[PDB]
Amino acid sequence: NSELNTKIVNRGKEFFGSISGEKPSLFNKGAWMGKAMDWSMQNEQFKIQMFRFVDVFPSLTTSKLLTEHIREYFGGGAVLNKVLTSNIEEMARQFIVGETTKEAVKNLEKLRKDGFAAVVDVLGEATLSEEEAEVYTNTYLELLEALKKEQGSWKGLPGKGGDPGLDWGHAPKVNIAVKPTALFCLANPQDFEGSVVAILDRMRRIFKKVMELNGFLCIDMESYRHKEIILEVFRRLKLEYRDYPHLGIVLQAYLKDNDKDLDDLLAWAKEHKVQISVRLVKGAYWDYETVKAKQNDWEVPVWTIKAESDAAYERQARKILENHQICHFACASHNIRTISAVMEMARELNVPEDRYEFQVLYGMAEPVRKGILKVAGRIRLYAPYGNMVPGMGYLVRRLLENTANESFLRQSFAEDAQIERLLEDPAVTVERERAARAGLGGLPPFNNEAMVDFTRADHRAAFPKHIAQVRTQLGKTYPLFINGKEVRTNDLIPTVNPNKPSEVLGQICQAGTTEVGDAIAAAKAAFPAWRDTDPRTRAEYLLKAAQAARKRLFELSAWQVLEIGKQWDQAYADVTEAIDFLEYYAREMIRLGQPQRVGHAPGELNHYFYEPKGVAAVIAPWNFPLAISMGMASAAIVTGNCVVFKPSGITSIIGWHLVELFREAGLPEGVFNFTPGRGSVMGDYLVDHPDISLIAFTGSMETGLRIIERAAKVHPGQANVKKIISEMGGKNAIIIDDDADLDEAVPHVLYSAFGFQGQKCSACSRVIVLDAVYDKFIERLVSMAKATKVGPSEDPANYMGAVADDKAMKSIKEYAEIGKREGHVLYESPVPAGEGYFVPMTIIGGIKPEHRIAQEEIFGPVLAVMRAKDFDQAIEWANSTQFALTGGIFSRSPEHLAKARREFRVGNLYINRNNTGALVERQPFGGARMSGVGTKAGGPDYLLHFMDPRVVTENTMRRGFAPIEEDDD
Amino acid sequence: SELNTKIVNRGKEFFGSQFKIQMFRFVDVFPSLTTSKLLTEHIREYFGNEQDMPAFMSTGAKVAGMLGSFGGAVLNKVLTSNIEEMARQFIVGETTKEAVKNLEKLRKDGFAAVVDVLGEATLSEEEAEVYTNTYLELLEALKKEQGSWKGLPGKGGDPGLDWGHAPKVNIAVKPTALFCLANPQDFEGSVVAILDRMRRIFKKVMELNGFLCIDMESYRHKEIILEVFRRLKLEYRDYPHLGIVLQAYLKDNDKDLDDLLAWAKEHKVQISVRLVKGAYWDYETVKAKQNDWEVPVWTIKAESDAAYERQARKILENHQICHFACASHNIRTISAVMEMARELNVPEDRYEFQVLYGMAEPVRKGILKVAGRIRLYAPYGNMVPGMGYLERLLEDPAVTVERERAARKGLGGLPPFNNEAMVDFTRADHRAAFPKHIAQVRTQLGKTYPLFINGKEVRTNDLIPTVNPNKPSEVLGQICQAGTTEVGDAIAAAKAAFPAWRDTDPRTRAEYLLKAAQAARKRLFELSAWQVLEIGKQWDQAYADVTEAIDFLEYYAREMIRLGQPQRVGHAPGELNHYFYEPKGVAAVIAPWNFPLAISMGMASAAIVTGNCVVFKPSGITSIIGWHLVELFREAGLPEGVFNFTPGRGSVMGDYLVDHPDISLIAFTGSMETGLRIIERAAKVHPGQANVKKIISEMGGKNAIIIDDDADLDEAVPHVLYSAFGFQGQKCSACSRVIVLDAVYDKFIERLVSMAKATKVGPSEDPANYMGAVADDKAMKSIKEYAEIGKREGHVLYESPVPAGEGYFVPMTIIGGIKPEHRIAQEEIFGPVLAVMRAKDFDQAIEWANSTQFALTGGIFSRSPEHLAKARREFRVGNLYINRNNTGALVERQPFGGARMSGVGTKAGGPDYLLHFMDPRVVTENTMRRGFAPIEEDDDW
Ligand SMILES: Cc1cc2nc3c(=O)[nH]c(=O)nc-3n(C[C@H](O)[C@H](O)[C@H](O)COP(=O)(O)OP(=O)(O)OC[C@H]3O[C@@H](n4cnc5c(N)ncnc54)[C@H](O)[C@@H]3O)c2cc1C
Ligand SMILES: Cc1cc2nc3c(=O)[nH]c(=O)nc-3n(C[C@H](O)[C@H](O)[C@H](O)COP(=O)(O)OP(=O)(O)OC[C@H]3O[C@@H](n4cnc5c(N)ncnc54)[C@H](O)[C@@H]3O)c2cc1C
Ligand SMILES: [K+]
Ligand SMILES: [K+]
């Protein structure tokens, strides 16, 4: 509305005029803080180094660490140490009211004398243990106890009447904020109910004490990952205390979901006949959400045009004010436009002042704050307190917030103010900027398949449903598939659920040597026509197989949950990876499929091109039973070979999915043959066969090396020297440097070691921790481990579950016993009673390179902890096995990271994240040494391993004449 | 511009006085269509394109195809008749009787004549004799006729002469038609062979006081032909009727002309010159560019039109000593000669004009009415095959030149790769270089060649003499042999050198290869001469070995620079993935004797430049050439231990080297038997062994060339002879089976065997010899037994003489009747034993081509697009060559290697090769800290 907007602009103009020349303290260049922010706003490279240096600072406990990091980041001594320490502490102190409860209450009271209310927060988020969650909870209880004893002596902040005991006459004097992720270390929508209950139970304990002193509790909103969980905690706590009005929730206007979330919540309040309070903010995690989404192949949950967040805020604030009778409103913004909008919308709607207040962050926007105090009178400061390390996330969000290009505050106080532009109706700005914003073979470029996203109710509902549906399909007999036809044999092997082995999923026919011979012959007969099929047409078959899998994504995942004990996310990622291989290798064949002219001499034409080899034997593992199976089979297929495929005997139903997918794609008969069989009956037979030209194997070293020896022999009638593609496992280390962010390292190490019960060739089985941070890291690692539960993978509350089968359990348990003798147990989890191949989550310390569990691949949930004296020994220890598949390092030292990139010679080295989870294209996967033969699946050199090059050279000069070609010399 | 205006006007006077390509292709191939089936198939194929053809042709082609051979007879009758009639407009006859008759209708029209024989390329001594005797036969017929010939109208002189001064009988002769192996590589032998035949023809010419003119052919033979003319002139100084052709398009011509005139004056003789522009322009430019030779011709057409006038003038000036024939169809060129002569008052007995008999009759006559003395160049021979073989315009070309002249990339800072220039025996310095360097090598014999380990020479008590296979009494040197102890020391040195070398920047590693390449280039003739003596390489074979070694160095240097930069993969924000390559460790390089520098350097330098360290075992019979690698890397300053030289007895140290746990890669080129054994032993992982051993293996072939029934035999025969017998057949790429279609078989085998008969077997230091001794006594005994096996299996067609006395000589041997079931159709002989297989149809030819366990190279000669496309698809070898020999793969142009029992699919000299010596690594970094990440340019954002 033009009339309302005019009032808003005019108020905004009066506001700017009143603060003309004033700047927030943070930008004051008479202080280190101000100069650093100035430099950061001027130079992106410096900003990154500066903010990263702030993050690593608390770990720099020695003079050596401090001076070296300064040189590495930016390139008597005691006093210089304290100069630097004081500077960083100044940056942290900028945004906090204290370090202890006592100091906070004291400064809280000085703030009241200046006329400011407060919402008090205990710094902390993303907790790592139950014990840490308890400390955080008890800190709030301690705060409330101290506040209960002081508030009686507080005169209520000046207001226009009401109760002089209350702030402004109506607001409770005690107001606290709590971050839900500080309340549960395993908060995750994958375990939606368990997360809600764990957080709710601690929140209730805090809320009960709040209600004791008639105070206000506001629940902060954190990353999008937990948004739905947090709304549910609020709804549940609210209904438990339906008559208590002082409970609030943060809603984030920068979220696309927020128009609906706010509508849902207002309707919900009406339906349940309760009142609510909403602190409307834009949102604090924008940089994170954008990146996190793209990295994890989820949809971006925030608006990406800044004005869209402003417009949404004005929309949503208006909706709230219109509903002031049921919804109390806290306007939390430092933006003069946004603030003036709220003031004029409230005026127009005639909203009583007891229904809305203004909030700003402590240590920011002081001139804006001063204006609100003068004009509105009701201004509350978000006041956090605590130490630098638990407050580091918050601190960095403030540094980013105040220096961002799109920041209102930066544009008002760090740049020359363009007031007319700053005060524009953001809806108008959205229209303009939205307007302005507006591969080969015809194929769109490759993108990894969307990962399951348990923020979605439908994705959360899908798994229990598909798992149940799978259970309606048990008991079937799975035949061989040879030359386009189903072939039954008499020999059946049941396949069972490792988490509940009495549950039989199906019976699998076994191929004898005769049937495998029939499969090889069919592959061989099909080969000439398939070899002669256009590469683009072969690619099209893979694309059709991918679409078929895409249609069955949840169903395919559910099968893996039951047949091999994949957790929901592990199962889904297995299927999406199979899909990625199909899409990526289709495109790779299209690229490689066109002959290239080579040389540039006239009178001559040379073309270099590729052809397939013949029949490929594909021998797949059980641990990534669809992904790796499909990767090897489809690479061989798309390059023009025909395949005889032996799935693992314990994931043969998953192996059958390859049959179903290629059948739906309509692949020609003979090109793909499915011959599950007993290795003792047909393993050597398949590898030895004279008509095999390629073997693609992923498995243990022992088996891989045996195949490599047997395959080397050229038998009578054998056409080619057999090509080997082999991936043979690892004994992978993660190094924890002394400057590592332990809050990051702990959950990544835990996932690397115990994800899918440790049954990955990439799994971390050695964590090599520098002596200087050893006790601190191990305490935190063990504490998080203790909170995790072992049990059936179909139950998403469980972190890990049964290993693959009875033989694997016996082998892993024997290794666990060896390890317990070699070192000392640091943690050994309980397991469920009754049936299931359960091995405890096991962590063993005191391990050294000479120990068997530091050398031999266990392939189970047994983590060796190695205490290294310095970074040089960590590297040496990392390199001390015969394997070299993956590795990880947590370090914030450029020099150490460079040393690791050069010297930690593994196939896939990961810096500051888990060392599992390689994605197609992004992380081509595979290594050398005893871990493989240097082939990397999902990368641009892989398909060539399944082919051989040919050249055709033509003499184009006939009778002393040759046609000129465009690229001739 | 006095003469110019006068030239323009002499010219003005004169001026008043897809389907087409398919048609040309059809006439070309027509003489080969010897069956109705062949004829209908080629009509169907050549004129089948519905879109690009007239609908008459398009519809006829389809009809021809549907009728098949049943429709052939009527087509042959019609097409032959029409083509014979067409040919009659360019060729004066195919019998002497028919010739004379038209030569007389020509005299009775105002035209003199020069007669030339148009036939197939001379590929044998018999064919040279047929050509020669055809001239003798025309001269006898002309002798018996020129008496009754009324001399052409004139102004003075003998009226029993043409124009009163010109002999009535004039013949032109093509030099290379007199000697099928004419080659400047054997300059003197080529001169003598041709001269001996030219002399016999000339005497018959002098017997009837006629004129003999010696044609000029391609640049390859120019200096040979000039020397022939001289030797012949001095033999008959006083006989004035001998002529030579000079080509104005050659940059050499100015000096060649001046030198010839001088030479004449000095020896006090007269000469005659037929000045032409040049008939081989496209050939010369392509051949020069394929070999990095100097381009011998101008490349602006006007430059040739200008050079002609320059040179015609100079000739006319010296008319007292040099008679002159103007041979051009260019009005400006004829005009400008005319006036230049008449502006220097050259008597008319000193210049005549020559044009093609095939020139349009009105143009031919209207030109006579201005120039007066026109001689017709009159081709003579078989009509059908003969036809298969067949204003501003008046401006001063020098002006045109000044104007058109006036009107007129690599990475890593390095120029783009280009193959090292091949030796050029048209150069006197290149011809002189081999005898010199061979003699210099002979001053260096008798040395003891030590091991080279960790930068040091290491001697052992066990010495093996290396000898000349063409003269085994000649001992070139003694080679120290490494026992297992020394090989272990080499392996340990390599392993100790590896970490520092792996960490050496790829651009720096490449720099060492570039320095080794410059070092080899500096010693090219010397390095070549050594191979001539140590392994019996012929001059060109030796030089090509060294140039290929240089090419591997230059190419692999560039490949490592390309591959050495990590590449970001993926495009997710908050994340950096970099994909890059690392070396494996110690490489065993086990090299063959047959390309002793090229293959050795290729495998060694590839391993070295990729960051591996090398333990190198040369063949026991080419260890001095192996020592050259030591010299070259030493001169490049390669760090100690990176390259180690350990010749040793395979029986003593071969398995030890392959089996060693510290070896990570084995690069082998050699026999299948040895390669497969290496593959089996390398597969095993021994205690302490770090990697699964990587195999790079090339294991030989049983390579076929298919001769389709429409093949051009003038090209196919010599290419097959070279492919089979070049370097005594000792190549993994050699043609050991020639599979010949039934309809062309008898003609092909006659010409091939007759060519083989013309060649000589003997010492490879003698450039006159085609091939020489095989590698050693063991090879000789083995090859000879295979020959005896073959002779029992099939039918010997040719077995050459060999020199008496010492030397490992195997006869050049051709055996027919060979079928796929035969041992010599299956087993690699590696010597000069060629199996000839008669295939009943093209389908069978393909099936026979694919009938061995090998698949290295192949070749096909065909002019059928459908047969060629079938070969490209189904003749599945690593390197298939169409319409040329199947040997001589060049770096980059022909990356080399195959699969089946021929190799493991590695191709030396190509863009996938270096990757086989490395393993890939990925580093993945999470760049997000505390909720923010640096924005990268290549991010999806
Ligand atoms: C008292 C208080 C409590 C808060 N509590 C929370 C909380 O519990 N949870 C939470 O997530 N946030 C919370 N916030 C908000 C957050 O911390 C920032 O303070 C706030 O987003 C800044 O907005 P603005 O109107 O002050 O400044 P502005 O400069 O107007 O707005 C900046 C905001 O715009 C958004 N933005 C930036 N770039 C883009 C873009 N390209 N596209 C779309 N949007 C963009 C971001 O949200 C950014 O913070 C709170 C804020 C206050 C004052
Ligand atoms: C009677 C007679 C005898 C002959 N004898 C021989 C012989 O023994 N040896 C021999 O080699 N040929 C011989 N020729 C052919 C001669 O050399 C030329 O091929 C042809 O005659 C030139 O034709 P032109 O002067 O009529 O016409 P033009 O159009 O004037 O001349 C064409 C010529 O220009 C030259 N040319 C074309 N393009 C370029 C370019 N881009 N740069 C530089 N030069 C260029 C070529 O030589 C080409 O032949 C003979 C020709 C005749 C008529
Ligand atoms: K199972
Ligand atoms: K020798």
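In what follows, chains are A, B, ... by sequence order, proteins preceding strands, each numbered from 1. Atoms considered below: every heavy atom in the structure, side chains included; atoms not considered: hydrogens, waters and symmetry mates.
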Handout entry: Sidechain-backbone polar pair: B/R921 side chain, A/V906 backbone, donor-acceptor under 3.5 Å
Key =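 Here the side-chain-to-backbone pair exists.
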Heavy atoms only, distances under 4.5 angstrom: which of [options] has the most pairs with chain B? Name it, please.
| options | value |
| --- | --- |
| A/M947, A/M930, A/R397 | A/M930 |
| A/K613, A/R531, A/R905, A/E744 | A/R905 |
| A/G393, A/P924, A/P528 | A/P924 |
| A/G934, A/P949, A/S693 | A/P949 |
| A/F51, A/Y285, A/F925 | A/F51 |
| A/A928, A/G704, A/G888 | A/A928 |

Just so I know, are the side chains of [X] and [Y] near enough to count as touching, which here means a heavy-atom distance under 4.5 Å?
| X | Y | answer |
| --- | --- | --- |
| B/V923 | A/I911 | yes |
| A/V598 | B/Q894 | no |
| A/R902 | B/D503 | yes |
| A/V933 | B/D919 | no |
| B/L880 | A/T953 | no |

Handout entry: Polar side chain donor-acceptor pair, B/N691 to A/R929, under 3.5 angstrom
Key =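 Judged by distance alone, the side chains do pair up.
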Exercise for the section: Examine the side chains of A/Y910 and B/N577 and answer whether a donor and an acceptor come within less than 3.5 Å of each other. Expected result: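 No, B/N577 and A/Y910 have no side-chain donor paired with an acceptor closer than 3.5 Å.
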Looking at every heavy atom in both [X] and [Y], which two are closest together, and how far apart are they?
| X | Y | value |
| --- | --- | --- |
| A/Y608 | B/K907 | CE1-CD, 3.8 Å |
| A/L400 | B/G931 | CD1-O, 4.2 Å |
| A/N955 | B/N883 | ND2-O, 3.1 Å |
| A/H600 | B/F417 | NE2-O, 4.2 Å |

Exercise for the section: Mind running side-chain hydrogen bond (donor to acceptor under 3.5 Å, both in side chains) on A/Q882 and B/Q689 for me, showing each step along the way? Expected result: CA-CA 9 Å; A/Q882 68 195 6; B/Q689 178 174 324; over 6 Å; no
Exercise for the section: With a 4.5 angstrom heavy-atom cut-off, could you sort out which part of A/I889 is near chain B: side chain, backbone, both or neither? Expected result: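 Neither; nothing under 4.5 Å.
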Handout entry: Heavy-atom proximity to chain B below 4.5 Å, by part of A/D741
Key =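 Contact with chain B involves the side chain of A/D741 alone.
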If I take atom [atom1] from residue [X] and atom [atom2] from residue [Y], how far apart are they, to the nearest 0.5 angstrom?
| X | Y | atom1 | atom2 | value |
| --- | --- | --- | --- | --- |
| B/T927 | A/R52 | OG1 | CZ | 6.0 Å |
| B/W941 | A/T304 | CH2 | OG1 | 9.5 Å |
| B/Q290 | A/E604 | CD | CD | 6.0 Å |
| A/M392 | B/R930 | CE | CZ | 6.0 Å |

Practice task
Could you please spell out the steps behind the salt bridge (charged side-chain N to carboxylate O under 4.0 Å, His left out) verdict for B/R929 and A/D287?
Solution key: CA-CA 11 Å; B/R929 306 261 174 97; A/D287 314 75; over 6 Å; no
Exercise for the section: Identify which one of A/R892, A/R913, A/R901 satisfies the salt bridge (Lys or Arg N to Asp or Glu O under 4.0 Å) criterion when paired with B/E925. Expected result: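 Checked A/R892, A/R913, A/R901 against B/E925; only one passes salt bridge (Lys or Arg N to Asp or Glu O under 4.0 Å): A/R901.
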Completion exercise
Residue set satisfying salt bridge (charged side-chain N to carboxylate O under 4.0 Å, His left out) with B/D551, at least two apart, ordered chain then number -> none
Practice task
Could you give me the CA-CA distance, side-chain angles and deciding distance for A/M728 and B/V692, then say whether side chain to side chain contact (heavy atoms under 4.5 Å, CB included) is met?
Solution key: CA-CA 11 Å; A/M728 292 182 287; B/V692 178; 4.0 Å; yes
Practice task
Using the side chain to side chain contact (heavy atoms under 4.5 Å, CB included) rule, take B/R893 and A/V951 through it: C-alpha gap first, then chi angles, then the decisive distance, then the call.
Solution key: CA-CA 9 Å; B/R893 286 159 67 177; A/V951 173; over 6 Å; no
